[PDB]
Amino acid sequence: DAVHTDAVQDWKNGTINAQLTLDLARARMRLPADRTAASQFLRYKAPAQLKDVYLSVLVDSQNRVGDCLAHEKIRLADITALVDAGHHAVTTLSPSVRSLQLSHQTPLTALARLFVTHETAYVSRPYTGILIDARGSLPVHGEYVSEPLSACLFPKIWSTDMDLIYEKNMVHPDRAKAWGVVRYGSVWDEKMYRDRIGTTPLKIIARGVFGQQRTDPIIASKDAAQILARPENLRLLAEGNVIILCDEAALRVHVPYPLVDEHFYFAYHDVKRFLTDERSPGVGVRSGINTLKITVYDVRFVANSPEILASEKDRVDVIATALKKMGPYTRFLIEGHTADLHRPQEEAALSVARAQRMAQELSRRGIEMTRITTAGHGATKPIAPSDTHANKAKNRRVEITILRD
C-alpha cells in the first residue's frame, strides 16, 4: 500500500516492464537512515506484485496466463520463477520525492515457452516472411461488431473459410521458444523487420478477426493459398517468420489498478463452470484485464413492471449467485440497453429502467445497493441490427461489470 506497481505489456518490443515505487513518507521511513530497510522492503513486496502482472498477459483467443493457471495448464512456481529482481537496483529515479523505485523487465517469450510442449512441428512466388496488416477495426467473426486486434502469446491465423492456416503447433518448438510464434509491429517503426520476414515478405491485409479476445487475424483465401502453395512458404510458418501489425493501443497494454491475483482467476473459473452447469439461457461472461462482465440477454422487465416472471426470478437467482462468487470486495456497474425502436426518448428511459430493475432485483438477493451503480445507453451501443426477433433480443440486455472496490 506504500508500494505501487506501474506495468506495461510492451508487445512491440516483446517485454513486460514494471516499476515498483515505495512512498517513504507513507511508510514512515527516511533517507539516508532507512535506505537499506526501505530497499529490502521493496524487494520483499515486489515478487507478489510482479506475479500478478504476469498473470494478466493474454495467451490466446480465450485465456490470460492467470486463466491457464486456474485450468492447471501451468504451475504458479513457473511464474514466480520469473519475478526475481535481484539483478536490478533500488534507486531514487522515481518521479516522486521521498520515493524509491525498483524496475524489472521480463521477455514475453519467457512466459510463452511455458506453453510450448510439442515435439515436432506439424504441416505462386517464394517469400521470405509474412506480414499481416491487422490495423484498425476488424469485423469479428461470428458477431456483428468490429473491433481492433489484441496481441497475445499465441495468435492463430484463419482463412475467410475458417481453415486454420497458422497455429503454435506448426512452429518448430525450439524456434517458438526462442522468438515466439510472431512479432508484433508498428507501421511507425518504418522497419523491414528483415530479421523476422526478410526482404521479400508476403504482405497480407487482415479481413477480420476471430476470438473471444479478438486475437486471430482472418485473411483472404487467396492470400492463405499463397502461403500453402510452396515448401518455401510453408517453411515460413515452421520458422515463425510472421509479423502482425496492429494499433498502438494493442502494442502497449497498461496494466490497470488494482492488480488482481490468482484468486480472481480461480473465482472466474468457478463462475464459468457454475454458469455452464446452470445453463441459464442468455447469460454470458467475459473478462477484462481486472474486471468481469456478465451480460444478460433478452431482459424485458423494467422498474414499473409487475413482479418478474418465475423464469426470470430463476435467472436473476443464478446471476446473483455468480456475482457473489467473486467475493465481498467488489462493486457493480449495471448498464441497460434496448433494441432500436426508432424511439430515442423511450429507449433512453427504458434502458435506465432496465438497469434499475436489475439492481433492485439483485439487492433483494443480498447485494447491497451501495455497491451498485446504474446507467442506460438506449439503443446507442448495438451488438446486432434490430431486424429479427433474435437480434433485437440480443440488443435488449443488461451488462453487469464487476469491479474491485
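A residue's number is simply how far along the shown sequence it sits, counting from 1.
According to the record, 4 to 9 deposited residues between residue 123 and residue 124 are left without atomic coordinates.
Stretches 276 to 284 and 312 to 320 differ in mean CA B factor, with 276 to 284 having the higher one. Averaged over Cα atoms, the B-factor as recorded in the entry is higher for 192 to 200 than for the other of 326 to 334 and 192 to 200. When the C-alpha B-factors of 35, 43, 364, 64 are ranked from the entry, the top spot goes to 364. For the set 103, 215, 186, 305, the PDB entry assigns the largest Cα B-factor to 305. In the PDB entry, a CA B factor belonging to the middle third of its chain's modelled residues is recorded for residue 371. Among the modelled residues of its chain, residue 395 has a C-alpha B-factor that falls in the middle third according to the deposited record. Among the modelled residues of its chain, residue 116 has a C-alpha B-factor that falls in the middle third, as given in the PDB entry. Split the chain's modelled residues into thirds by C-alpha temperature factor. Residue 51 is in the lowest one.
Placement of the Cα temperature factor of residue 2 within the chain: highest third of the modelled residues, per the deposited record.
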